[PDB]
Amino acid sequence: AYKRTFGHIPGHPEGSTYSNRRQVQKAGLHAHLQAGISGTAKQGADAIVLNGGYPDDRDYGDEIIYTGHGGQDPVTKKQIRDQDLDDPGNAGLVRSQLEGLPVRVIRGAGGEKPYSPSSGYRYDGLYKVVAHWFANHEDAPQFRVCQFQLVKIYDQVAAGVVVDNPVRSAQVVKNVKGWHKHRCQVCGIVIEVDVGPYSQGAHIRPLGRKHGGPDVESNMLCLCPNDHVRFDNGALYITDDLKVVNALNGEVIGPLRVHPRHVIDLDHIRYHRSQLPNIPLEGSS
């Protein structure tokens, strides 16, 4: 059974070569035998195979314009209808872009000349999905195709990505957002984009050398992009009794939206509160 997994695969480093698609499938690199995109709307896309599937595709080594799946005649191999984001591979690729999930590019024999191998399939490491759009198909302008921009991840801490087995844990984010359904714990909204709901996982006690916060569900809030910014730059704090308070003027906003399977560790809350200029004293709210 294939297990969908983001990041490098144990045993198969960047550079690894394979003879055909069944190899790649057995190794755990892709899910599929023919299909270009390994992915699902719910979970994200963990790999793509690039073997000149459309003539819209462009390959610049470190940059890739990848064209999506859908709307081909099985017999003709010619576009007969528009591409959409119901396609799990197309949807999964957008969901990778939004969650910042890295995508294993596996490059194939038949593709663009300088970067493709002469024969077989090489695994060329992880790329980040940056944007997506629709354009007109080159061979048949009356039909729309979906397209993605992919950029090579050179340093994993630099580009902000999340991976399954470590860098920051993908699982942690996915739990917290899943429990809340991408609703901001402060203002209640869900940001709706083309593919679906959108939110940001925001650590309460920051990660790294100085602060040493754990990367876990208890040290994280699901927030909208606006509230993330406020929260990280002294405009919100949370009380011991889980009220959200405007740090700039002292005014109490309202209660934090809680979920029973999501246990916020109050030590981390206290720590975050303690990064403000004047620590809120007893009786402040």
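Note that residue numbering follows the sequence shown and begins at 1.
According to the entry, the deposited sequence runs straight from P214 to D215 with no unmodelled residues in between.
As the entry records it, the average C-alpha temperature factor is higher for 258 to 266, out of 273 to 281 and 258 to 266.
Between the stretches 87 to 95 and 139 to 147, it is 139 to 147 that shows the larger average CA temperature factor. Among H228, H30, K42, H69, the highest C-alpha B-factor recorded in the PDB entry belongs to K42. When the C-alpha B-factors of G100, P166, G178, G188 are ranked from the entry, the top spot goes to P166. Per the PDB record, residue ranking by Cα B-factor puts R104 in the lowest third of the chain. Among the modelled residues of its chain, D62 has a C-alpha B-factor that falls in the highest third according to the deposited record. Per the deposited record, the Cα B-factor of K128 falls in the middle third when ranked against the other modelled residues of its chain. In this PDB entry, the Cα temperature factor of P117 sits in the top third of its chain's modelled residues, the highest group. Placement of the Cα temperature factor of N249 within the chain: lowest third of the modelled residues, per the deposited record.
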